[PDB]
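Structure record follows, encoded as structure tokens.
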Protein chains: 2
Amino acid sequence: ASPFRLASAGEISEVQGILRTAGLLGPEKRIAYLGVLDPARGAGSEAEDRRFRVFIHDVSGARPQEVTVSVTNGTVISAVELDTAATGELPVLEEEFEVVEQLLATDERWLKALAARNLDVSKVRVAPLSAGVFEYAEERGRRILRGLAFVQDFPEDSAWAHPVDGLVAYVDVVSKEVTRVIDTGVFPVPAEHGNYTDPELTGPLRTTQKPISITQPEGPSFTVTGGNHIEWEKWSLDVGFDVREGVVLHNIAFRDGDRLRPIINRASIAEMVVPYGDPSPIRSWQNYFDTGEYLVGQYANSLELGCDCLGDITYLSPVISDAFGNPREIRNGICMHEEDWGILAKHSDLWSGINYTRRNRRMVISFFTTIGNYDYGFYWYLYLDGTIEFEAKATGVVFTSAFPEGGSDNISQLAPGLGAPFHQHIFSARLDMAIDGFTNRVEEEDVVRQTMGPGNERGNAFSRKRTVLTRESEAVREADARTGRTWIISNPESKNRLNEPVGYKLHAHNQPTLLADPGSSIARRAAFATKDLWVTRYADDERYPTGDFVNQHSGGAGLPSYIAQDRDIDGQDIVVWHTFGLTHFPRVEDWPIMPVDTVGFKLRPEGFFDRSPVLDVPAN
Amino acid sequence: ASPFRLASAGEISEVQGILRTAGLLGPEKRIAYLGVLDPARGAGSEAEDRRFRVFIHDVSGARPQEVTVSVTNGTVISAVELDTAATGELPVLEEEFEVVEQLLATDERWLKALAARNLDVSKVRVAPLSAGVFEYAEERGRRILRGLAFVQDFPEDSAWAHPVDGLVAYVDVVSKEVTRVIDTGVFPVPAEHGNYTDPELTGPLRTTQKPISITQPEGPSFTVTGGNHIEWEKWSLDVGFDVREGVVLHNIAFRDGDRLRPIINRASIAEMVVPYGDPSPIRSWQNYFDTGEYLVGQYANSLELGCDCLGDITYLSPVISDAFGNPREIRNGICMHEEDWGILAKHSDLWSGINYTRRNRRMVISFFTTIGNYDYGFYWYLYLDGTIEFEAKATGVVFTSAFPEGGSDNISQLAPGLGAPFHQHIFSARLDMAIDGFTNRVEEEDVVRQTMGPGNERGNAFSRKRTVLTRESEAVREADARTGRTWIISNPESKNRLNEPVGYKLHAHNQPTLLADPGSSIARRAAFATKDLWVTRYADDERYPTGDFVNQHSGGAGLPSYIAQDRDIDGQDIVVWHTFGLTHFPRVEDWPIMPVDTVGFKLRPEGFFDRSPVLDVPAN
Ligand SMILES: [Cu+2]
Ligand SMILES: [Cu+2]
């Protein structure tokens, strides 16, 4: 009867019934977000209260509502009218994707622009892109999408190969009006196709790959109980799923002898931003918060055995709500399997004659999502030795433009006339820490160079230093690869047998953070992305680094607002927010469909155990 | 009849015969190094000349010799007497390992030191450590090893758990004399054992791991011809083995349509340094060049199926020479296999309805070596998409000391009284580039931030810049993770279909480089380790970043000497030397045997192909 179980179809159907009976879900209403709430701190209240948070959009133009319901008692707990001109718009609705294209196909400004290019309107696909906040005063308080156009020569053609440059339009999707059509000039529409299943492009398929067969003759080493509770090789955790964040990990704990030791209370990718670095007015507004604006969980793929997931695979099929409150299953949306991971430890000793070798393994929990041209894999790994790792795998088709004549400093050429603007993919991991319990602190650890001198006569010594972050106002930290900078999360009140506080070390990849000018709109709205590491004091309502309503919010919400409270974080219930990402200068090899690139982070124990935790691993 | 084939037993036996007949391999002589020479530039000389380089040590104290022989003609090509006080000593001989311990067991200064500690001399193991170059004038021109002591309570005990601190001795191994015994004071010998196969330490072994079965029902997708030539998924290369460097990769090329395109002429780990950061006089001299001083190839493990290498494995068994010129096979010393590597590319398109997924694969070529307490895995990976990656896996037992009372800034405590000095493991990859041929150049590529202003009104733009390295004097480069700095090796004379030079991008991990003071002995001898990237003009005799004779060389040889020639490298036959390593602050979890930690680098194509090279990969 776990309070962390996945939402079921019945629960979502009950939410729909509660909302209807209360007068909050009539025919003009649409569910823009629905998700279970985590239990409050202190689950000592016997019998859970399963509560759901709902964002309700109104297609007639009335103010949207934030609603909290209790499925256990069948009641609405609170319902607030939202002022979107102040606190932001609701997430983009799937049913609004196609509205941008159909409104434009009857606008005389759009039709004139296509006529000048000799384009047939029935072939022109329009991408529904989030709008952000810029200089247009008339957009404040309106639900706006912007559209960029692509030509599809036939229904199975890859539109991405034929961008229509110099053209962009703004659309009010509630009142169904085209507010602006901007035409800066005619660019040739790149003519080459990018159809990666066309034999004339692929050539004959290779016949040289022989099968790799991965099987587990006795089944997998993990167990799944209660729908979503996993036990594997001393690890214990609950796999949750949220329509906004996707896969969420709860209650990550490690069985050290007879005691179950907490490590991480909740782990998630709480935000995602893709800023574009092309100064053209056609695209200079382009930034997508795939998590906060589009909800990456609702676009999760059904993963196919032997193709997306290879081996002995256990699936979860999470349930989300559609825009009317009906339950919708994402079949095979989450893959879980263990896999071989090479040598764990090895030594051949000259003096004792003992030869020792052990294999490593990792548990894999993953899902894939597709938002327009992009596809992202999210991978959580648990290792035998206590290491936790996250990996994002980026692929799909690159977003394209024309490639200007005479060149560009902000676009690379993929094909004759075909460009791909420079951009970043930046992630925010939110790690609600519980190292051996909830009294935690973070230290920044730097390598220390020492000078040749007395007490260091041969000039060989080096050391390290640790700086405790004591208040939120000093807990906004930058990477420093040169000094080997890492961060340790420790529990000052739980000691290992050497009398040191137990800890975990965060190892970052030290990739560049947000490159946009600090005075830009995106730097205000994506402030979390300007620094590598933030630490806050836990609070129930501080869930996203960008705030609750990212769509068309003017900036400053989320982490900078939280940090300003300057709360005590030295030995407290704390949350670590780690920013990491990829800076993408597209290459020719990324076209017409791009090979996976990856980024991530990991946490390794740092005096958490009293000795290696994998001494009891057998030889096999 | 490849000139790059592995040396055979017959060839080594013929070298021994040639050397004997010439009067160069009498009973007082020992082969300290023997290896095949690569062909000269321009193999248009029909019928190869298989030539071998040999370092001949003389145990009676005569000057050592460097000898080059031609096995094809049965002749000595050149023989030079070496002046070791000028150009360095020969590599450590395996038969000199045990000499340090036996000389000390009859030295009255050593015996007195053990008596004060109540240690039984028959239980005291002495590690034969390379000496380096410091203040001791009497060592110039002498072959010296230094010894640190460990107690072995019984023949199967792990001596590493019982370091004898405060004691060190220097030994002349040719004249068999103890030159110095230094006793700075008594430390308790840590008492806890570190026996990781002892049930009282491991507890009962886990019964929860079920088997993972990896098989290839039709065999592997690669072919091996001529002993060591590999073809796999458009890749082509020769796997070489050198007693000093270990696994060497030759002639890495990629089949792009009908043409075979060179990428890398020769790839190797050309040096390895492990500097210790403990200022105690007992250990402040401690630096090991495992490659240059000990020769990591001669310590390669025989790798066991299902334990070290899992799957459908093809083995190579390289042949090296022992100290008398007899051939010695390292059975199953090299593992090669392919393995599954997750998603290669994936896209689900909203407009075309096409769902596309492809798997990735990598070819693995690896060996493991053991030098005293350390064990290192060297892993080369070839990927379907043109990526080449190297990974070093570090494990074994950490080098120990006493942990001082009152603490230390340069040692961490692993166990009551047991310390592990801080240290680094730093590698030098030597990449003789041949991107589409031999006319290559290197550019340093940095991310460029742009200011909000005219032509960037929304402050979103960012760019990149590339700086060509034109002469060796400007080709000593530092990492800069903050600006995303990478290096591109291109061929200015070979263009892709977009009229840009073809290239490969080097992605570093940006870990710290050598931390020792720049005035130290180790900074002079390991100068390559002070910078991340060096580029030289190819020359036949510039093989190692530290020079040919690293043992007891005073400093400056190798890369700093090469660089000083200030040769033209803009569109020339060039060599890239990349420094990368791990900075190791040992943790409790590293004891009593440490879980693998890793470091490496990779190279990805950068406009080398005209589109993605994996369009022809099938679905499976
Ligand atoms: Cu990208
Ligand atoms: Cu180490």
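Every chain in the structure tokens has a letter given in the order shown (A, B, ...), and although residue numbers restart at 1 in each chain, ligands are simply numbered from 1 in the order shown.
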
- Item | Surroundings of ligand 2 up to 7 Å, based on only C-alpha atoms and all ligand atoms, as JSON, numbers by chain | {"B": [398, 423, 424, 425, 584, 586]}

Those residues with N, CA and C atoms, as a PDB file, in the first residue's frame please?
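Below is the file that was written, out-v8.pdb:
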ATOM      1  N   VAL B 398      45.627   0.316  -3.195  1.00  0.00           N
ATOM      2  CA  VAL B 398      46.295   1.611  -3.047  1.00  0.00           C
ATOM      3  C   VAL B 398      47.620   1.448  -2.302  1.00  0.00           C
ATOM      4  N   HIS B 423      47.987  11.172  -4.677  1.00  0.00           N
ATOM      5  CA  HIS B 423      48.808  10.932  -5.859  1.00  0.00           C
ATOM      6  C   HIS B 423      47.954  11.164  -7.105  1.00  0.00           C
ATOM      7  N   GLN B 424      48.615  11.183  -8.257  1.00  0.00           N
ATOM      8  CA  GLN B 424      47.950  11.231  -9.552  1.00  0.00           C
ATOM      9  C   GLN B 424      48.370  10.028 -10.395  1.00  0.00           C
ATOM     10  N   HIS B 425      47.526   9.668 -11.377  1.00  0.00           N
ATOM     11  CA  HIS B 425      47.887   8.717 -12.431  1.00  0.00           C
ATOM     12  C   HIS B 425      47.726   9.458 -13.749  1.00  0.00           C
ATOM     13  N   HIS B 584      43.966  11.357  -7.369  1.00  0.00           N
ATOM     14  CA  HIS B 584      43.394  10.343  -6.494  1.00  0.00           C
ATOM     15  C   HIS B 584      43.608  10.734  -5.037  1.00  0.00           C
ATOM     16  N   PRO B 586      42.501   9.113  -1.932  1.00  0.00           N
ATOM     17  CA  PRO B 586      41.877   7.814  -1.658  1.00  0.00           C
ATOM     18  C   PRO B 586      40.738   7.920  -0.646  1.00  0.00           C
TER      19      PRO B 586
END

Running DSSP on the backbone, which parts of stretch 435-506 of chain A land in helix (DSSP H, G or I), as a short mmCIF file (atom, residue, chain, number, x, y, z; two decimals) with N, CA, C and O atoms, in the first residue's frame?
data_model
loop_
_atom_site.label_atom_id
_atom_site.label_comp_id
_atom_site.auth_asym_id
_atom_site.auth_seq_id
_atom_site.Cartn_x
_atom_site.Cartn_y
_atom_site.Cartn_z
N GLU A 472 21.98 29.87 1.92
CA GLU A 472 21.62 29.82 0.51
C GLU A 472 22.32 30.91 -0.30
O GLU A 472 22.70 30.66 -1.45
N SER A 473 22.53 32.09 0.29
CA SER A 473 23.16 33.20 -0.41
C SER A 473 24.60 32.92 -0.83
O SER A 473 25.15 33.65 -1.67
N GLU A 474 25.24 31.90 -0.27
CA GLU A 474 26.59 31.54 -0.68
C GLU A 474 26.62 30.20 -1.38
O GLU A 474 27.70 29.66 -1.64
N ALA A 481 37.16 23.11 -13.50
CA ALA A 481 37.80 21.87 -13.88
C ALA A 481 39.29 21.91 -13.55
O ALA A 481 39.87 20.88 -13.20
N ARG A 482 39.91 23.08 -13.65
CA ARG A 482 41.34 23.23 -13.47
C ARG A 482 41.78 22.85 -12.06
O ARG A 482 42.89 22.34 -11.85
N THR A 483 40.95 23.15 -11.06
CA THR A 483 41.26 22.81 -9.68
C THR A 483 40.55 21.54 -9.24
O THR A 483 40.45 21.29 -8.04
#

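The residue that comes closest to residue B:487, out of B:132, B:512, B:453, B:503 and on the basis of only C-alpha atoms, is B:503.
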
- Item | Nearest residue to ligand 1 from the set A:218, A:49, A:500, A:375 (distances using only C-alpha atoms and all ligand atoms) | A:375

- Message: Can you pull out every residue from stretch 410-563 of chain B that DSSP, working from the backbone, puts in strand (DSSP E or B), and format the result as a PyMOL selection string?
- Response: chain B and resi 411-415+418-421+423-433+440-449+453+456+462-468+471+476-477+486-495+501-508+533-537

Restricting it to C-alpha atoms, dump the selection as a compact mmCIF listing (two decimals), in the first residue's frame.
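selection_36.txt, freshly written:
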# COMPACT_ATOMS: atom_id res chain seq x y z
CA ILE B 411 47.30 11.39 3.26
CA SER B 412 43.83 10.00 3.88
CA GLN B 413 42.99 7.40 6.53
CA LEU B 414 41.60 4.09 5.24
CA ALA B 415 41.63 2.08 8.46
CA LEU B 418 46.45 3.09 7.95
CA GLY B 419 47.07 5.90 5.46
CA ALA B 420 47.07 6.31 1.67
CA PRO B 421 49.13 9.21 0.28
CA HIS B 423 48.81 10.93 -5.86
CA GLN B 424 47.95 11.23 -9.55
CA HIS B 425 47.89 8.72 -12.43
CA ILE B 426 48.78 10.64 -15.60
CA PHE B 427 48.84 9.20 -19.13
CA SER B 428 50.31 10.44 -22.42
CA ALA B 429 48.55 9.33 -25.58
CA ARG B 430 50.70 9.60 -28.70
CA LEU B 431 48.52 9.93 -31.81
CA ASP B 432 50.48 9.95 -35.05
CA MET B 433 47.73 11.50 -37.15
CA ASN B 440 47.40 17.66 -41.30
CA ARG B 441 47.03 20.65 -39.03
CA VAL B 442 45.57 21.27 -35.57
CA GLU B 443 43.14 24.04 -34.63
CA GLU B 444 42.13 25.04 -31.13
CA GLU B 445 38.40 25.72 -30.98
CA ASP B 446 36.88 27.90 -28.23
CA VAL B 447 33.28 28.92 -27.58
CA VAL B 448 32.85 32.69 -28.08
CA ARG B 449 30.41 34.69 -25.94
CA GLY B 453 24.22 45.06 -28.80
CA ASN B 456 22.66 40.85 -31.27
CA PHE B 462 27.09 32.83 -29.37
CA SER B 463 29.77 31.59 -31.69
CA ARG B 464 33.12 29.83 -31.86
CA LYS B 465 36.61 30.59 -33.02
CA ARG B 466 39.42 28.41 -34.35
CA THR B 467 43.12 29.18 -34.05
CA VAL B 468 45.56 27.26 -36.30
CA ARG B 471 54.77 26.12 -35.34
CA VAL B 476 51.80 23.60 -26.20
CA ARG B 477 48.17 24.08 -25.18
CA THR B 486 38.53 21.25 -28.02
CA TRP B 487 41.10 20.61 -30.73
CA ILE B 488 40.41 19.73 -34.36
CA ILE B 489 42.87 17.80 -36.52
CA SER B 490 42.07 18.55 -40.15
CA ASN B 491 43.54 18.01 -43.59
CA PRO B 492 43.57 21.40 -45.38
CA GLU B 493 43.99 19.61 -48.72
CA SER B 494 41.10 17.11 -48.47
CA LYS B 495 37.61 18.61 -48.60
CA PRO B 501 38.54 20.56 -44.81
CA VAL B 502 37.80 17.14 -43.31
CA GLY B 503 38.51 16.77 -39.63
CA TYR B 504 38.34 14.95 -36.31
CA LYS B 505 37.66 16.65 -32.95
CA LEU B 506 39.54 15.68 -29.79
CA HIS B 507 37.31 15.73 -26.69
CA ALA B 508 39.28 15.77 -23.44
CA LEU B 533 48.09 19.09 -25.55
CA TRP B 534 51.33 19.05 -27.49
CA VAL B 535 51.79 18.87 -31.25
CA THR B 536 55.07 17.93 -32.91
CA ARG B 537 56.30 17.36 -36.41

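Every protein or nucleic acid residue with an atom no more than 8 Å from residue B:548, counting only C-alpha atoms and leaving out same-chain residues fewer than 5 positions away, appears here: residues 292, 543 and 558 of chain B.
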
Write the residues you've just listed into a file as a PDB file, in the first residue's frame, and include N, CA, C and O atoms for each of them.
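Generated output (again_10.pdb):
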ATOM      1  N   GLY B 292      57.696   3.886 -18.958  1.00  0.00           N
ATOM      2  CA  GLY B 292      59.074   4.146 -19.346  1.00  0.00           C
ATOM      3  C   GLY B 292      60.101   3.444 -18.481  1.00  0.00           C
ATOM      4  O   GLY B 292      61.145   3.023 -18.984  1.00  0.00           O
ATOM      5  N   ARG B 543      59.835   9.229 -30.095  1.00  0.00           N
ATOM      6  CA  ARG B 543      58.877   8.176 -29.803  1.00  0.00           C
ATOM      7  C   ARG B 543      58.180   8.337 -28.466  1.00  0.00           C
ATOM      8  O   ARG B 543      57.010   7.956 -28.356  1.00  0.00           O
ATOM      9  N   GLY B 558      62.751  14.406 -24.242  1.00  0.00           N
ATOM     10  CA  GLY B 558      61.440  14.201 -24.809  1.00  0.00           C
ATOM     11  C   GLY B 558      60.807  15.513 -25.208  1.00  0.00           C
ATOM     12  O   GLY B 558      61.506  16.416 -25.676  1.00  0.00           O
TER      13      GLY B 558
END

- Message: Could you list, as JSON, numbers by chain, every residue within 8 Å of residue B:330, counting only C-alpha atoms and ignoring same-chain residues fewer than 2 positions away?
- Response: {"B": [300, 301, 302, 317, 318, 319, 320, 328, 332, 333]}

- Message: Which residues are close to stretch 118-127 of chain A, i.e. within 12 Å by only C-alpha atoms, leaving aside same-chain residues fewer than 5 positions away? Reply as a ChimeraX atom specification.
- Response: /A:96-108,110-113,145-164,167-171,186-189,286,371-373,399-400 /B:350-352

- Message: Set the distance at 9 Å and use only C-alpha atoms: which residues neighbour stretch 4-8 of chain B once local chain neighbours fewer than 6 positions away are removed? I'd like the list as a ChimeraX atom specification.
- Response: /B:35-36,38-39,226-229,238-241,250,318-320,327

Expected file: the selected residues, N, CA and C atoms, as a short mmCIF file (atom, residue, chain, number, x, y, z; two decimals), in the first residue's frame:
data_model
loop_
_atom_site.label_atom_id
_atom_site.label_comp_id
_atom_site.auth_asym_id
_atom_site.auth_seq_id
_atom_site.Cartn_x
_atom_site.Cartn_y
_atom_site.Cartn_z
N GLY B 35 62.06 -4.80 -29.10
CA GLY B 35 60.83 -4.47 -29.79
C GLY B 35 61.06 -4.27 -31.27
N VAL B 36 60.01 -4.54 -32.04
CA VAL B 36 60.08 -4.33 -33.48
C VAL B 36 60.05 -2.83 -33.76
N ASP B 38 58.84 0.22 -36.30
CA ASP B 38 57.87 0.46 -37.34
C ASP B 38 58.60 0.74 -38.66
N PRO B 39 57.97 0.43 -39.80
CA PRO B 39 58.56 0.78 -41.09
C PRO B 39 58.78 2.28 -41.21
N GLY B 226 45.95 -12.59 -41.19
CA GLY B 226 47.38 -12.32 -41.03
C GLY B 226 47.83 -12.13 -39.60
N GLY B 227 47.18 -12.79 -38.66
CA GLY B 227 47.55 -12.69 -37.27
C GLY B 227 46.93 -11.53 -36.50
N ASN B 228 46.99 -10.31 -37.06
CA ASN B 228 46.62 -9.14 -36.27
C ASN B 228 45.95 -8.03 -37.07
N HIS B 229 45.46 -8.29 -38.27
CA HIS B 229 44.74 -7.29 -39.06
C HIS B 229 43.24 -7.48 -38.84
N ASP B 238 45.59 -2.54 -37.63
CA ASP B 238 46.50 -3.60 -37.22
C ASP B 238 46.75 -3.45 -35.73
N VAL B 239 46.64 -4.55 -34.99
CA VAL B 239 46.85 -4.55 -33.54
C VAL B 239 48.28 -5.00 -33.28
N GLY B 240 49.11 -4.07 -32.82
CA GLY B 240 50.49 -4.36 -32.47
C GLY B 240 50.68 -4.47 -30.96
N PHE B 241 51.82 -5.03 -30.57
CA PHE B 241 52.13 -5.15 -29.15
C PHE B 241 53.60 -4.89 -28.94
N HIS B 250 47.85 0.40 -35.22
CA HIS B 250 48.43 0.90 -36.47
C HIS B 250 47.37 1.00 -37.55
N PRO B 318 50.58 -12.21 -27.64
CA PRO B 318 51.82 -11.61 -28.15
C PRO B 318 53.05 -12.32 -27.59
N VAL B 319 54.15 -12.19 -28.33
CA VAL B 319 55.45 -12.77 -27.96
C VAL B 319 56.41 -11.64 -27.60
N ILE B 320 57.03 -11.75 -26.43
CA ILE B 320 58.09 -10.85 -26.03
C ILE B 320 59.34 -11.69 -25.74
N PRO B 327 62.14 -16.38 -26.55
CA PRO B 327 60.75 -15.89 -26.72
C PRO B 327 59.85 -16.36 -25.59
#

- Query: Which one is closest to chain A: B:2, B:284, B:551, B:175? Count only C-alpha atoms.
  - Reply: B:284

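From atom CA of residue A:382 back to atom CA of residue A:369, the distance works out to 21.4 Å.
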